[PDB]
Amino acid sequence: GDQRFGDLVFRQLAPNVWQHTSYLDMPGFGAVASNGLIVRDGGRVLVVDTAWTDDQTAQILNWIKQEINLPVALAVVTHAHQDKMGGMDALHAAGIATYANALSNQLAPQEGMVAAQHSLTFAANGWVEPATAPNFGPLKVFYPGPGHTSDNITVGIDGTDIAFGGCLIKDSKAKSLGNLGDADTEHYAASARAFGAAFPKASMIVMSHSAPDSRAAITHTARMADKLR
Ligand SMILES: Cn1c(=O)cc(CP(=O)(O)O)c2ccc(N3CCCC3)cc21
Ligand SMILES: Cn1c(=O)cc(CP(=O)(O)O)c2ccc(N3CCCC3)cc21
Ligand SMILES: [Zn+2]
Ligand SMILES: [Zn+2]
């Protein structure tokens with residue numbers, strides 16, 4: 001069920017949830033996938049992560065207009081790297097309210113990214129403070145601790161068995177933890193397990209750069225990360 005639209009792919013995961021996929025040519029790697037989510041909540045649409053670029057992100061909004069034809073209320077981004085935040089200006093151009101971890105907004109300018117308009121803060125138990133994430137509805141946002149990056153956040157969709165760990169979680173067949181340049185190797189394993197414990201009923205774990213996987217993706221990530229302590 002891959003639906004093509006311009007240079008992006010959309011896959012329905014649940015009645016009100018789609019995966020968006022965009023591609024960037026990376027030296028030595030070919031055309032690399034980056035995934036995010038689109039959630040319909042009543043008369044509005046919510047987006048998790050931008051595409052790699054503004055032009056790709058504008059495509060996501062065009063697909064939404066064509067397939068759903070409801071306004072995009074807000075977008076949240078999972079960390080300050082090009083794959084998840086590279087299209088922030090396309091959301092601003094569209095008048096969409098944007099949210100990121102406060103640390104993601106602090107890091108974004110130096111990473112050559114546009115900061116979100118709103119900063120998220122987190123309770124002691126990792127769950128987003130609702131006063132910083134107003135109107136999020138079925139989007140449940142969780143800071144699991146540092147891993148792929150210090151700012152990485154994760155999201156579950158209430159009324160579904162879907163959770164998304166962004167770049168924190170690797171696929172169950174991965175041979176690498178990937179980008180360790182900005183990673184917290186001492187805390188990585190605990191952060192991966194904290195994500196699994198936050199969404200214990202999630203059976204469909206959306207991957208950052210590959211097709212959806214099982215909870216084995218969380219287990220495999222944490223076991224690889226245990227090796228770096
Ligand atoms: C090279 N590179 C980069 O320079 C940057 C990314 C983005 P992030 O650090 O994963 O946020 C990247 C993402 C995926 C990726 N591939 C996945 C399968 C093979 C390589 C490469 C990436
Ligand atoms: C190899 N690899 C991979 O196999 C996978 C990733 C993506 P993730 O970090 O696991 O989400 C990846 C990301 C960045 C990267 N490098 C950036 C500079 C050189 C390579 C490599 C990655
Ligand atoms: Zn990243
Ligand atoms: Zn990644």
# chains A, B, ... in the order shown; residues from 1 in each chain; ligands from 1
>>> residues_around(residues="segment 129-142 of chain A", least_positions_apart="4", cutoff="7 Å", atoms="only C-alpha atoms", output="PDB file with N, CA and C atoms, in the first residue's frame")
ATOM      1  N   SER A 119       8.497  25.634  22.265  1.00  0.00           N
ATOM      2  CA  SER A 119       9.388  24.678  22.968  1.00  0.00           C
ATOM      3  C   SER A 119       8.581  23.784  23.908  1.00  0.00           C
ATOM      4  N   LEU A 120       8.826  22.486  23.809  1.00  0.00           N
ATOM      5  CA  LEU A 120       8.236  21.452  24.691  1.00  0.00           C
ATOM      6  C   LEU A 120       9.120  21.301  25.924  1.00  0.00           C
ATOM      7  N   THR A 121       8.490  21.188  27.088  1.00  0.00           N
ATOM      8  CA  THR A 121       9.201  20.718  28.308  1.00  0.00           C
ATOM      9  C   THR A 121       8.580  19.411  28.780  1.00  0.00           C
ATOM     10  N   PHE A 122       9.321  18.690  29.628  1.00  0.00           N
ATOM     11  CA  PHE A 122       8.970  17.297  30.016  1.00  0.00           C
ATOM     12  C   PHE A 122       8.942  17.166  31.542  1.00  0.00           C
ATOM     13  N   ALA A 123       7.978  16.391  32.017  1.00  0.00           N
ATOM     14  CA  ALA A 123       7.809  16.042  33.440  1.00  0.00           C
ATOM     15  C   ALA A 123       8.950  15.109  33.829  1.00  0.00           C
ATOM     16  N   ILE A 153      13.153  13.027  20.961  1.00  0.00           N
ATOM     17  CA  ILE A 153      11.856  12.714  21.601  1.00  0.00           C
ATOM     18  C   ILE A 153      11.097  11.713  20.737  1.00  0.00           C
ATOM     19  N   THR A 154      10.068  11.151  21.319  1.00  0.00           N
ATOM     20  CA  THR A 154       9.378   9.982  20.766  1.00  0.00           C
ATOM     21  C   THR A 154       7.897  10.246  20.914  1.00  0.00           C
ATOM     22  N   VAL A 155       7.070   9.476  20.212  1.00  0.00           N
ATOM     23  CA  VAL A 155       5.613   9.778  20.127  1.00  0.00           C
ATOM     24  C   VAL A 155       4.799   8.495  19.918  1.00  0.00           C
ATOM     25  N   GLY A 156       3.661   8.399  20.619  1.00  0.00           N
ATOM     26  CA  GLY A 156       2.690   7.307  20.462  1.00  0.00           C
ATOM     27  C   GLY A 156       1.374   7.887  20.067  1.00  0.00           C
ATOM     28  N   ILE A 157       0.577   7.121  19.327  1.00  0.00           N
ATOM     29  CA  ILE A 157      -0.729   7.600  18.840  1.00  0.00           C
ATOM     30  C   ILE A 157      -1.825   6.856  19.620  1.00  0.00           C
ATOM     31  N   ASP A 158      -2.510   7.559  20.512  1.00  0.00           N
ATOM     32  CA  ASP A 158      -3.621   6.999  21.328  1.00  0.00           C
ATOM     33  C   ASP A 158      -4.675   6.444  20.367  1.00  0.00           C
TER      34      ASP A 158
END
>>> residues_near_ligand(ligand="ligand 4", cutoff="12 Å", atoms="only C-alpha atoms and all ligand atoms", output="VMD selection string")
chain A and resid 32 to 36 49 52 78 to 85 147 to 149 152 165 to 171 176 to 183 207 to 210
>>> closest_residue(among="A:205, A:94, A:24, A:228", to="ligand 1", atoms="only C-alpha atoms and all ligand atoms")
A:24
>>> select_by_dssp(residues="segment 37-89 of chain A", states="strand (DSSP E or B)", output="JSON, numbers by chain")
{"A": [37, 38, 39, 40, 41, 44, 45, 46, 47, 48, 72, 73, 74, 75, 76, 77]}
>>> select_by_dssp(residues="segment 4-142 of chain A", states="helix (DSSP H, G or I)", output="ChimeraX atom specification")
/A:54-67,82-85,88-93,102-107,130-132
>>> write_last_selection(atoms="C-alpha atoms", output="short mmCIF file (atom, residue, chain, number, x, y, z; two decimals), in the first residue's frame")
data_model
loop_
_atom_site.label_atom_id
_atom_site.label_comp_id
_atom_site.auth_asym_id
_atom_site.auth_seq_id
_atom_site.Cartn_x
_atom_site.Cartn_y
_atom_site.Cartn_z
CA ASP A 54 11.45 22.38 2.37
CA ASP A 55 10.36 21.32 -1.17
CA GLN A 56 9.66 17.72 0.08
CA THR A 57 7.78 19.09 3.12
CA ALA A 58 5.59 21.28 0.81
CA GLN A 59 4.80 18.01 -1.10
CA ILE A 60 3.59 16.41 2.24
CA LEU A 61 1.19 19.37 2.68
CA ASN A 62 -0.04 19.02 -0.95
CA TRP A 63 -0.68 15.27 -0.39
CA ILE A 64 -2.64 16.13 2.79
CA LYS A 65 -4.75 18.70 0.86
CA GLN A 66 -5.45 16.13 -1.89
CA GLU A 67 -6.11 12.95 0.18
CA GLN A 82 18.16 17.59 8.63
CA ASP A 83 16.01 14.44 8.11
CA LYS A 84 13.41 15.47 10.77
CA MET A 85 13.72 19.32 10.89
CA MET A 88 10.56 23.65 9.14
CA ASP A 89 10.23 26.81 6.92
CA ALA A 90 7.72 24.96 4.63
CA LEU A 91 5.46 24.47 7.70
CA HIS A 92 5.85 28.17 8.73
CA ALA A 93 5.11 29.26 5.11
CA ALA A 102 13.32 23.15 23.91
CA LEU A 103 16.84 21.67 23.40
CA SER A 104 16.01 20.95 19.68
CA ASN A 105 15.14 24.70 19.26
CA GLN A 106 18.46 25.64 20.99
CA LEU A 107 20.47 23.30 18.70
CA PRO A 130 0.57 19.54 28.39
CA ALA A 131 0.82 23.36 28.91
CA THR A 132 3.70 23.23 26.31
#
>>> residues_around(residues="residue 186 of chain A", least_positions_apart="5", cutoff="10 Å", atoms="only C-alpha atoms", output="list in words")
residues 146, 147, 191, 225, 226, 227, 228 and 229 of chain A
>>> atom_distance(atom1="atom 5 (C, counted along the ligand's line) of ligand 2", atom2="atom CA of residue 128 of chain A")
27.4 Å
>>> closest_residue(among="A:26, A:216, A:45, A:202", to="residue 160 of chain A", atoms="only C-alpha atoms")
A:202
>>> decode(residues="segment 16-40 of chain A", atoms="C-alpha atoms", output="PDB file, in the first residue's frame")
ATOM      1  CA  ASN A  16      -6.260   7.871  10.828  1.00  0.00           C
ATOM      2  CA  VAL A  17      -2.415   7.382  10.572  1.00  0.00           C
ATOM      3  CA  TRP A  18      -0.067   7.495   7.553  1.00  0.00           C
ATOM      4  CA  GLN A  19       3.716   7.264   7.253  1.00  0.00           C
ATOM      5  CA  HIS A  20       5.417   9.904   5.062  1.00  0.00           C
ATOM      6  CA  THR A  21       8.723   8.983   3.404  1.00  0.00           C
ATOM      7  CA  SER A  22      11.251  11.321   1.690  1.00  0.00           C
ATOM      8  CA  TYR A  23      14.651  10.541   0.077  1.00  0.00           C
ATOM      9  CA  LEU A  24      18.053  12.276   0.067  1.00  0.00           C
ATOM     10  CA  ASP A  25      21.173  11.129  -1.864  1.00  0.00           C
ATOM     11  CA  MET A  26      23.902  10.677   0.820  1.00  0.00           C
ATOM     12  CA  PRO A  27      27.506   9.985  -0.305  1.00  0.00           C
ATOM     13  CA  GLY A  28      28.312   6.215  -0.060  1.00  0.00           C
ATOM     14  CA  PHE A  29      24.672   5.319   0.810  1.00  0.00           C
ATOM     15  CA  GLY A  30      22.490   6.005  -2.274  1.00  0.00           C
ATOM     16  CA  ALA A  31      18.982   7.466  -1.844  1.00  0.00           C
ATOM     17  CA  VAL A  32      18.246   7.351   1.938  1.00  0.00           C
ATOM     18  CA  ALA A  33      14.658   7.178   3.333  1.00  0.00           C
ATOM     19  CA  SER A  34      13.421   9.341   6.223  1.00  0.00           C
ATOM     20  CA  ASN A  35      10.001   8.635   7.753  1.00  0.00           C
ATOM     21  CA  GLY A  36       7.507  10.674   9.762  1.00  0.00           C
ATOM     22  CA  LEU A  37       3.786  10.445  10.498  1.00  0.00           C
ATOM     23  CA  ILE A  38       0.515  12.145   9.489  1.00  0.00           C
ATOM     24  CA  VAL A  39      -2.405  11.791  11.937  1.00  0.00           C
ATOM     25  CA  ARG A  40      -6.021  12.832  11.222  1.00  0.00           C
TER      26      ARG A  40
END
